[PDB]
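Peer 1: Before the rest arrives, take these chains from my complex:
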Amino acid sequence: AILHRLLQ
């Protein structure tokens, strides 16, 4: 899940 990585 890209959004988890981009948001951290």
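Peer 2: Sure, I can see it. Residues are numbered from 1 along each chain as shown, chains lettered A, B, ... in the order given.
Peer 1: can you pull out the helices in chain A?
Peer 2: Ranges of helices within chain A are A:2-7, based on DSSP state H.
Peer 1: count of neighbours near residue A:5?
Peer 2: Using other Cβ atoms under 10 Å, residue A:5 has 7 other residues around it. Where you see a C-beta, it was placed from the backbone N, CA and C, and this is true even at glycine.
Peer 1: With residue A:3 instead?
Peer 2: When neighbours are defined as other Cβ under 10 Å, residue A:3 has 7 of them.
Peer 1: ditto for residue A:7
Peer 2: As a burial measure, residue A:7 scores 7 neighbours (other Cβ under 10 Å).
Peer 1: what's the spacing between it and residue A:1?
Peer 2: Note on residue A:7: its distance to residue A:1, by Cβ to Cβ, to the nearest Å, is 10 Å.
Peer 1: Append chain B to the structure above:
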Amino acid sequence: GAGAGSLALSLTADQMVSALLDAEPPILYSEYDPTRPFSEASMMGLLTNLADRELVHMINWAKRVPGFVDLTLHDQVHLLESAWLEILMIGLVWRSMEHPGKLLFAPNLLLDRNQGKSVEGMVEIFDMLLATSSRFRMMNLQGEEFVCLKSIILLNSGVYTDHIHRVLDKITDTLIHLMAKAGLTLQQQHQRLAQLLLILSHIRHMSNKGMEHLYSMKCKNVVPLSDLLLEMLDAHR
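Peer 2: One more piece, chain B, placed on the ones above:
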């Protein structure tokens, strides 16, 4: 308790507007000029390329919205998953206000409703986006009001699918202050707050029609979609 003690809840209305303006993403140009006329595939290709690039900046903005990074990464994912097309859409209609009968997707990508015919079922959505743009133009929607509303969309759109409620109250207070300082009576303030918040139900509606469109275009395999964009779509089903 997540958020309990947040800076977000301490901000003055002037500081909340300052934080929101500072958080603004850039206005993206299309990386391509389109050849005339459009096909369904070149139209969806421009629009999905643009939205992909706007998503990356949307994530940076989201982090700089007061209240947002006080949530778990889990909840931040869910709000962005729920809100992302409504946020693309409020931005599009805001940027399109000074271009009657047209959608300013980018300074070098202004489309009229006819060019929306090149894609099956796109004309209905453009009509609804144009009307929203046209309503904001009627209402003389101010920059400061726009960023407040875009923050509310972020915080509200997935909130039933309490700190979030406290930040929304904070943004409501900020909108009313902007309206008071511009010399609207209390009557005109409450009426304006309600008029803008009622438009958000229409942005939600366009988002839901948009998403059905985006899912129908996934199946047709007409245009490639980014992994990020395929994730966003899967979150709605």
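Peer 1: let's see the neighbour count of residue A:7 again after adding chain B.
Peer 2: The number of residues packed near residue A:7 is 18, by other Cβ atoms under 10 Å in any protein chain shown.
Peer 1: Looks like it contacts residue B:62 (just checking).
Peer 2: Yes: at 7.5 Å, residue A:7 counts as touching residue B:62 under the criterion of Cβ atoms under 8 Å.
Peer 1: Which residues are in contact with each of these two?
Peer 2: Each of B:76, B:80 lies in contact with both residue A:7 and residue B:62 under the rule Cβ atoms under 8 Å, 6 or more residues apart in numbering or on different chains.
Peer 1: residues in chain B within reach of chain A, list them.
Peer 2: B:56, B:59, B:62-63, B:73, B:76-77, B:80-81, B:227-228, B:231-232 (Cβ under 8 Å from any Cβ of the partner chain).
Peer 1: Show me where chain B has its strands.
Peer 2: Secondary structure of chain B (DSSP state E): strands at B:102-106, B:109-112.
Peer 1: Including distance to residue B:121 and mean neighbour count, could those strands go into a markdown table?
Peer 2: Below are the strands of chain B laid out as a markdown table (distance: least, Cβ to Cβ, whole Å; neighbours: other Cβ atoms under 10 Å in any protein chain shown):
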| stretch | distance to residue B:121 | mean neighbour count |
| --- | --- | --- |
| strand B:102-106 | 16 | 20 |
| strand B:109-112 | 15 | 17 |
